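Dumped start-v6.pdb below, it's PDB, C-alpha atoms (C1' of nucleotides):
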ATOM      1  CA  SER A 401     -16.485   7.685 -51.872  1.00  0.00           C
ATOM      2  CA  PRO A 402     -19.822   8.875 -50.522  1.00  0.00           C
ATOM      3  CA  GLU A 403     -21.419   5.863 -52.215  1.00  0.00           C
ATOM      4  CA  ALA A 404     -19.042   3.400 -50.547  1.00  0.00           C
ATOM      5  CA  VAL A 405     -19.592   4.881 -47.086  1.00  0.00           C
ATOM      6  CA  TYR A 406     -23.359   4.930 -47.510  1.00  0.00           C
ATOM      7  CA  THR A 407     -23.401   1.271 -48.575  1.00  0.00           C
ATOM      8  CA  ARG A 408     -21.173   0.397 -45.611  1.00  0.00           C
ATOM      9  CA  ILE A 409     -23.690   2.080 -43.293  1.00  0.00           C
ATOM     10  CA  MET A 410     -26.599   0.282 -44.926  1.00  0.00           C
ATOM     11  CA  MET A 411     -24.893  -3.079 -44.584  1.00  0.00           C
ATOM     12  CA  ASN A 412     -24.763  -2.589 -40.823  1.00  0.00           C
ATOM     13  CA  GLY A 413     -28.363  -1.370 -40.756  1.00  0.00           C
ATOM     14  CA  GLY A 414     -27.422   2.156 -39.732  1.00  0.00           C
ATOM     15  CA  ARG A 415     -25.946   0.766 -36.506  1.00  0.00           C
ATOM     16  CA  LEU A 416     -22.549   1.630 -35.037  1.00  0.00           C
ATOM     17  CA  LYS A 417     -19.780  -0.967 -35.429  1.00  0.00           C
ATOM     18  CA  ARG A 418     -18.051  -2.309 -32.333  1.00  0.00           C
ATOM     19  CA  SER A 419     -14.801  -0.675 -33.441  1.00  0.00           C
ATOM     20  CA  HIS A 420     -16.624   2.632 -33.699  1.00  0.00           C
ATOM     21  CA  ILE A 421     -17.738   2.372 -30.114  1.00  0.00           C
ATOM     22  CA  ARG A 422     -14.283   1.260 -28.911  1.00  0.00           C
ATOM     23  CA  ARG A 423     -12.609   4.217 -30.643  1.00  0.00           C
ATOM     24  CA  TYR A 424     -15.177   6.702 -29.278  1.00  0.00           C
ATOM     25  CA  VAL A 425     -14.701   5.378 -25.756  1.00  0.00           C
ATOM     26  CA  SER A 426     -10.920   5.376 -26.045  1.00  0.00           C
ATOM     27  CA  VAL A 427     -10.883   9.008 -27.148  1.00  0.00           C
ATOM     28  CA  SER A 428     -13.422  10.194 -24.598  1.00  0.00           C
ATOM     29  CA  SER A 429     -11.990   8.421 -21.585  1.00  0.00           C
ATOM     30  CA  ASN A 430      -8.360   9.554 -22.142  1.00  0.00           C
ATOM     31  CA  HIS A 431      -9.461  13.179 -22.050  1.00  0.00           C
ATOM     32  CA  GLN A 432     -10.410  15.679 -19.378  1.00  0.00           C
ATOM     33  CA  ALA A 433     -14.081  15.773 -20.268  1.00  0.00           C
ATOM     34  CA  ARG A 434     -15.450  19.312 -20.102  1.00  0.00           C
ATOM     35  CA  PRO A 435     -18.960  19.973 -18.670  1.00  0.00           C
ATOM     36  CA  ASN A 436     -21.231  19.708 -21.703  1.00  0.00           C
ATOM     37  CA  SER A 437     -18.633  18.705 -24.195  1.00  0.00           C
ATOM     38  CA  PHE A 438     -18.753  16.175 -26.958  1.00  0.00           C
ATOM     39  CA  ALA A 439     -16.233  14.299 -24.834  1.00  0.00           C
ATOM     40  CA  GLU A 440     -18.624  14.237 -21.922  1.00  0.00           C
ATOM     41  CA  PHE A 441     -21.420  13.101 -24.231  1.00  0.00           C
ATOM     42  CA  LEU A 442     -19.257  10.319 -25.670  1.00  0.00           C
ATOM     43  CA  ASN A 443     -18.244   9.068 -22.228  1.00  0.00           C
ATOM     44  CA  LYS A 444     -21.781   9.125 -20.821  1.00  0.00           C
ATOM     45  CA  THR A 445     -23.324   7.529 -23.918  1.00  0.00           C
ATOM     46  CA  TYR A 446     -20.882   4.736 -24.832  1.00  0.00           C
ATOM     47  CA  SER A 447     -19.123   2.932 -21.999  1.00  0.00           C
ATOM     48  CA  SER A 448     -19.042  -0.577 -20.434  1.00  0.00           C
TER      49      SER A 448
ATOM     50  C1'   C B   1       8.051 -25.605  35.737  1.00  0.00           C
ATOM     51  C1'   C B   2       2.913 -33.240  40.258  1.00  0.00           C
ATOM     52  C1'   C B   3      -0.008 -33.397  44.660  1.00  0.00           C
ATOM     53  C1'   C B   4      -3.481 -30.639  51.707  1.00  0.00           C
ATOM     54  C1'   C B   5      -7.498 -33.866  52.727  1.00  0.00           C
ATOM     55  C1'   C B   6     -12.584 -34.311  50.949  1.00  0.00           C
ATOM     56  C1'   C B   7     -13.061 -33.457  46.296  1.00  0.00           C
ATOM     57  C1'   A B   8     -13.217 -32.229  41.521  1.00  0.00           C
ATOM     58  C1'   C B   9     -18.558 -28.220  35.067  1.00  0.00           C
ATOM     59  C1'   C B  10     -14.716 -20.941  36.720  1.00  0.00           C
ATOM     60  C1'   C B  11     -23.192 -26.107  37.639  1.00  0.00           C
ATOM     61  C1'   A B  12     -27.189 -25.027  40.531  1.00  0.00           C
ATOM     62  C1'   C B  13     -32.556 -20.959  45.986  1.00  0.00           C
ATOM     63  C1'   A B  14     -37.780 -20.630  44.281  1.00  0.00           C
ATOM     64  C1'   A B  15     -40.145 -19.549  39.996  1.00  0.00           C
ATOM     65  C1'   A B  16     -38.351 -19.433  35.488  1.00  0.00           C
ATOM     66  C1'   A B  17     -35.806 -18.304  30.925  1.00  0.00           C
ATOM     67  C1'   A B  18     -36.684 -14.494  22.950  1.00  0.00           C
ATOM     68  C1'   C B  19     -31.422  -9.099  26.102  1.00  0.00           C
ATOM     69  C1'   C B  20     -40.584 -10.867  23.520  1.00  0.00           C
ATOM     70  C1'   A B  21     -44.952  -8.317  24.924  1.00  0.00           C
ATOM     71  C1'   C B  22     -49.541  -1.197  27.453  1.00  0.00           C
ATOM     72  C1'   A B  23     -52.396   0.119  23.537  1.00  0.00           C
ATOM     73  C1'   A B  24     -52.099   1.854  18.620  1.00  0.00           C
ATOM     74  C1'   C B  25     -48.651   0.397  15.313  1.00  0.00           C
ATOM     75  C1'   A B  26     -44.835  -0.665  12.151  1.00  0.00           C
ATOM     76  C1'   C B  27     -40.753   1.997   4.474  1.00  0.00           C
ATOM     77  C1'   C B  28     -34.341   5.406   9.983  1.00  0.00           C
ATOM     78  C1'   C B  29     -41.730   7.091   3.307  1.00  0.00           C
ATOM     79  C1'   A B  30     -44.654  11.417   2.722  1.00  0.00           C
ATOM     80  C1'   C B  31     -47.086  19.519   3.325  1.00  0.00           C
ATOM     81  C1'   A B  32     -49.493  20.719  -1.341  1.00  0.00           C
ATOM     82  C1'   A B  33     -48.834  22.010  -6.246  1.00  0.00           C
ATOM     83  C1'   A B  34     -45.321  19.937  -8.459  1.00  0.00           C
ATOM     84  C1'   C B  35     -41.781  16.728  -9.195  1.00  0.00           C
ATOM     85  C1'   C B  36     -33.523  17.384 -14.202  1.00  0.00           C
ATOM     86  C1'   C B  37     -29.247  20.499  -7.817  1.00  0.00           C
ATOM     87  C1'   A B  38     -32.213  22.661 -16.991  1.00  0.00           C
ATOM     88  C1'   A B  39     -33.348  26.996 -19.084  1.00  0.00           C
ATOM     89  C1'   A B  40     -33.089  35.839 -19.853  1.00  0.00           C
ATOM     90  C1'   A B  41     -31.196  36.807 -24.351  1.00  0.00           C
ATOM     91  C1'   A B  42     -26.914  36.130 -27.399  1.00  0.00           C
ATOM     92  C1'   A B  43     -23.725  32.436 -27.400  1.00  0.00           C
ATOM     93  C1'   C B  44     -20.864  28.142 -26.779  1.00  0.00           C
ATOM     94  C1'   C B  45     -12.463  24.942 -28.244  1.00  0.00           C
ATOM     95  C1'   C B  46     -10.881  27.156 -19.982  1.00  0.00           C
ATOM     96  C1'   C B  47      -9.092  29.086 -29.490  1.00  0.00           C
ATOM     97  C1'   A B  48      -7.342  33.489 -31.639  1.00  0.00           C
ATOM     98  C1'   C B  49      -3.297  41.282 -31.876  1.00  0.00           C
ATOM     99  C1'   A B  50       0.159  40.579 -35.380  1.00  0.00           C
ATOM    100  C1'   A B  51       5.118  38.171 -36.560  1.00  0.00           C
ATOM    101  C1'   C B  52       5.949  33.670 -35.270  1.00  0.00           C
ATOM    102  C1'   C B  53       6.019  28.783 -33.479  1.00  0.00           C
ATOM    103  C1'   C B  54      12.371  22.991 -31.362  1.00  0.00           C
ATOM    104  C1'   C B  55      11.629  25.658 -23.140  1.00  0.00           C
ATOM    105  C1'   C B  56      17.502  25.492 -31.533  1.00  0.00           C
ATOM    106  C1'   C B  57      21.907  28.206 -32.323  1.00  0.00           C
ATOM    107  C1'   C B  58      28.013  33.927 -31.002  1.00  0.00           C
ATOM    108  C1'   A B  59      32.172  31.760 -32.830  1.00  0.00           C
ATOM    109  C1'   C B  60      35.896  27.794 -32.083  1.00  0.00           C
ATOM    110  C1'   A B  61      34.253  23.511 -30.798  1.00  0.00           C
ATOM    111  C1'   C B  62      32.206  19.180 -28.684  1.00  0.00           C
ATOM    112  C1'   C B  63      34.773  11.876 -24.063  1.00  0.00           C
ATOM    113  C1'   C B  64      31.783  16.334 -17.112  1.00  0.00           C
ATOM    114  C1'   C B  65      39.601  12.954 -22.117  1.00  0.00           C
ATOM    115  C1'   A B  66      44.623  14.098 -21.497  1.00  0.00           C
ATOM    116  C1'   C B  67      51.479  17.244 -17.514  1.00  0.00           C
ATOM    117  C1'   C B  68      54.583  13.675 -17.797  1.00  0.00           C
ATOM    118  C1'   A B  69      56.263   8.840 -15.044  1.00  0.00           C
ATOM    119  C1'   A B  70      52.446   5.664 -14.480  1.00  0.00           C
ATOM    120  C1'   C B  71      48.487   2.635 -13.510  1.00  0.00           C
ATOM    121  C1'   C B  72      46.224  -3.976  -7.596  1.00  0.00           C
ATOM    122  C1'   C B  73      42.881   1.319  -2.590  1.00  0.00           C
ATOM    123  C1'   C B  74      50.540  -5.110  -3.978  1.00  0.00           C
ATOM    124  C1'   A B  75      54.890  -5.501  -1.622  1.00  0.00           C
ATOM    125  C1'   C B  76      60.924  -3.734   4.355  1.00  0.00           C
ATOM    126  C1'   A B  77      62.494  -8.218   5.913  1.00  0.00           C
ATOM    127  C1'   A B  78      60.912 -12.516   8.281  1.00  0.00           C
ATOM    128  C1'   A B  79      56.442 -14.456   7.961  1.00  0.00           C
ATOM    129  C1'   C B  80      51.332 -16.014   7.234  1.00  0.00           C
ATOM    130  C1'   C B  81      44.943 -20.774  11.607  1.00  0.00           C
ATOM    131  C1'   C B  82      42.259 -13.765  14.588  1.00  0.00           C
ATOM    132  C1'   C B  83      46.643 -22.149  16.515  1.00  0.00           C
ATOM    133  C1'   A B  84      49.158 -23.809  20.822  1.00  0.00           C
ATOM    134  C1'   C B  85      52.728 -23.068  28.951  1.00  0.00           C
ATOM    135  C1'   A B  86      51.496 -27.449  31.045  1.00  0.00           C
ATOM    136  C1'   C B  87      47.223 -29.982  32.350  1.00  0.00           C
ATOM    137  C1'   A B  88      43.334 -30.768  29.853  1.00  0.00           C
ATOM    138  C1'   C B  89      38.685 -30.426  27.063  1.00  0.00           C
ATOM    139  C1'   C B  90      29.803 -32.108  28.415  1.00  0.00           C
ATOM    140  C1'   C B  91      29.183 -23.960  29.600  1.00  0.00           C
ATOM    141  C1'   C B  92      28.537 -32.904  33.433  1.00  0.00           C
ATOM    142  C1'   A B  93      28.914 -34.437  38.349  1.00  0.00           C
ATOM    143  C1'   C B  94      28.383 -33.370  47.016  1.00  0.00           C
ATOM    144  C1'   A B  95      24.613 -36.227  48.607  1.00  0.00           C
ATOM    145  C1'   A B  96      19.493 -37.184  47.988  1.00  0.00           C
ATOM    146  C1'   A B  97      16.681 -36.506  43.876  1.00  0.00           C
ATOM    147  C1'   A B  98      14.665 -35.819  39.565  1.00  0.00           C
ATOM    148  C1'   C B  99       5.293 -34.591  36.454  1.00  0.00           C
TER     149        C B  99
END
Just dump the structure as structure tokens.
Amino acid sequence: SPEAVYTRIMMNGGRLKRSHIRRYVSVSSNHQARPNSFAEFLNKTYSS
RNA sequence: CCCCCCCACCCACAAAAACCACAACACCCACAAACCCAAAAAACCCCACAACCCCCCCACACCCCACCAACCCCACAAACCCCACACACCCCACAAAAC
């Protein structure tokens, strides 16, 4: 529900969960990142 | 894979020993303005005709199975240590030796 997701966000203070970052990195890295793509942004932003 | 004697650091003139030293120096820094190897706009899946979307299919079929006799890349026999003449048998031995 929108309400459930919003409360989940609020509980973490509007901060990404570790699993969120892990998933984002896993998707971005195992992809041929195009120049200004969302993939490139995800790789550059969330890494090590 | 010891030796010539004397000898016996692949030591040595003096002066001396940083492969230090003109001075000025001392980022293998620096032209300014500036200081993303950004920017026209419109855009922004290296998406898209449509039908379609197994690099699926004729059918019969479907062990890259099958003639049977068969089926150890067994066998003549005699045999069967890639064993033997004796003499023998350290790839020992002149002597002197024998780092």
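Checking B:24, B:93, B:44, B:19 one by one against chain A, counting only C-alpha atoms (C1' of nucleotides), you find the shortest gap at B:44.
With all atoms listed in the file as the atoms that count, the minimum distance from chain B to the choices A:419, A:412, A:447, A:437 is reached by A:437.
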Using only C-alpha atoms (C1' of nucleotides), can you tell me which of B:45, B:69, B:59, B:74 comes closest to chain A?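 Of all the options, B:45 lies closest to chain A.
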What do you get, as a PyMOL selection string, if you spell out every residue that the PyMOL selection byres ((chain B and resi 95-99) around 12) selects here? chain B and resi 1-3+93-94
Between CA of residue 417 in chain A and CA of residue 435 in chain A, what is the spacing in Å? 26.8 Å
On this structure, which residues satisfy the PyMOL selection byres ((chain A) within 12 of (chain B)), written as a list in words?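 Residues picked by the PyMOL selection byres ((chain A) within 12 of (chain B)): residues 432, 433, 434, 435, 436, 437, 438 and 439 of chain A.
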Write the residues you've just listed into a file as a PDB file, in the coordinates of the input, and include C-alpha atoms for each of them.
ATOM      1  CA  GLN A 432     -10.410  15.679 -19.378  1.00  0.00           C
ATOM      2  CA  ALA A 433     -14.081  15.773 -20.268  1.00  0.00           C
ATOM      3  CA  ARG A 434     -15.450  19.312 -20.102  1.00  0.00           C
ATOM      4  CA  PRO A 435     -18.960  19.973 -18.670  1.00  0.00           C
ATOM      5  CA  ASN A 436     -21.231  19.708 -21.703  1.00  0.00           C
ATOM      6  CA  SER A 437     -18.633  18.705 -24.195  1.00  0.00           C
ATOM      7  CA  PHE A 438     -18.753  16.175 -26.958  1.00  0.00           C
ATOM      8  CA  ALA A 439     -16.233  14.299 -24.834  1.00  0.00           C
TER       9      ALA A 439
END
What does the distance between CA of residue 446 in chain A and CA of residue 426 in chain A come to in Å, to one decimal place?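 Going from CA of residue 446 in chain A over to CA of residue 426 in chain A covers 10.1 Å.
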Can you measure CA of residue 445 in chain A to CA of residue 415 in chain A for me? One decimal in Å is fine.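 Computed distance, CA of residue 445 in chain A to CA of residue 415 in chain A, equals 14.5 Å.
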Got a minute to add N, CA, C and O atoms to range 405-425 of chain A and dump it as a tab-separated table (two decimals), in the coordinates of the input?
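The resulting result35.tsv:
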chain	number	residue	atom	x	y	z
A	405	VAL	N	-19.28	4.71	-48.50
A	405	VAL	CA	-19.59	4.88	-47.09
A	405	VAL	C	-21.07	4.64	-46.84
A	405	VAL	O	-21.44	3.94	-45.89
A	406	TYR	N	-21.94	5.16	-47.71
A	406	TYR	CA	-23.36	4.93	-47.51
A	406	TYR	C	-23.69	3.44	-47.56
A	406	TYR	O	-24.44	2.94	-46.70
A	407	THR	N	-23.12	2.71	-48.52
A	407	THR	CA	-23.40	1.27	-48.58
A	407	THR	C	-22.87	0.56	-47.33
A	407	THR	O	-23.50	-0.38	-46.83
A	408	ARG	N	-21.71	0.99	-46.83
A	408	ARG	CA	-21.17	0.40	-45.61
A	408	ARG	C	-22.15	0.60	-44.46
A	408	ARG	O	-22.43	-0.33	-43.70
A	409	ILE	N	-22.72	1.81	-44.35
A	409	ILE	CA	-23.69	2.08	-43.29
A	409	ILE	C	-24.89	1.18	-43.45
A	409	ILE	O	-25.32	0.54	-42.49
A	410	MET	N	-25.40	1.08	-44.67
A	410	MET	CA	-26.60	0.28	-44.93
A	410	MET	C	-26.36	-1.17	-44.59
A	410	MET	O	-27.24	-1.84	-44.05
A	411	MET	N	-25.16	-1.68	-44.88
A	411	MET	CA	-24.89	-3.08	-44.58
A	411	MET	C	-25.03	-3.35	-43.10
A	411	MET	O	-25.52	-4.41	-42.70
A	412	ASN	N	-24.61	-2.41	-42.26
A	412	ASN	CA	-24.76	-2.59	-40.82
A	412	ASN	C	-26.08	-2.04	-40.30
A	412	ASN	O	-26.19	-1.75	-39.10
A	413	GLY	N	-27.04	-1.79	-41.18
A	413	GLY	CA	-28.36	-1.37	-40.76
A	413	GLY	C	-28.40	-0.03	-40.08
A	413	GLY	O	-29.29	0.22	-39.27
A	414	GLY	N	-27.46	0.87	-40.40
A	414	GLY	CA	-27.42	2.16	-39.73
A	414	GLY	C	-27.07	2.07	-38.27
A	414	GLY	O	-27.48	2.92	-37.49
A	415	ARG	N	-26.36	1.02	-37.87
A	415	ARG	CA	-25.95	0.77	-36.51
A	415	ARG	C	-24.43	0.87	-36.36
A	415	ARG	O	-23.68	0.42	-37.23
A	416	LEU	N	-23.98	1.47	-35.26
A	416	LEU	CA	-22.55	1.63	-35.04
A	416	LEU	C	-21.86	0.27	-34.94
A	416	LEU	O	-22.42	-0.69	-34.41
A	417	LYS	N	-20.66	0.19	-35.54
A	417	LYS	CA	-19.78	-0.97	-35.43
A	417	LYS	C	-19.14	-0.99	-34.05
A	417	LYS	O	-19.01	0.05	-33.39
A	418	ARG	N	-18.70	-2.18	-33.63
A	418	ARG	CA	-18.05	-2.31	-32.33
A	418	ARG	C	-16.80	-1.46	-32.28
A	418	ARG	O	-16.58	-0.72	-31.31
A	419	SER	N	-16.02	-1.47	-33.37
A	419	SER	CA	-14.80	-0.68	-33.44
A	419	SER	C	-15.11	0.80	-33.28
A	419	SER	O	-14.40	1.51	-32.56
A	420	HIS	N	-16.20	1.26	-33.89
A	420	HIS	CA	-16.62	2.63	-33.70
A	420	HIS	C	-16.81	2.93	-32.23
A	420	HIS	O	-16.35	3.95	-31.73
A	421	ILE	N	-17.51	2.05	-31.52
A	421	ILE	CA	-17.74	2.37	-30.11
A	421	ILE	C	-16.43	2.36	-29.34
A	421	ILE	O	-16.14	3.30	-28.60
A	422	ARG	N	-15.58	1.35	-29.58
A	422	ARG	CA	-14.28	1.26	-28.91
A	422	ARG	C	-13.45	2.52	-29.13
A	422	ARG	O	-12.90	3.09	-28.17
A	423	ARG	N	-13.37	3.00	-30.37
A	423	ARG	CA	-12.61	4.22	-30.64
A	423	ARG	C	-13.19	5.41	-29.89
A	423	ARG	O	-12.46	6.11	-29.18
A	424	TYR	N	-14.51	5.60	-29.98
A	424	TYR	CA	-15.18	6.70	-29.28
A	424	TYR	C	-14.90	6.66	-27.79
A	424	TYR	O	-14.75	7.71	-27.15
A	425	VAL	N	-14.95	5.47	-27.19
A	425	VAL	CA	-14.70	5.38	-25.76
A	425	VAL	C	-13.25	5.69	-25.46
A	425	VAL	O	-12.93	6.43	-24.53
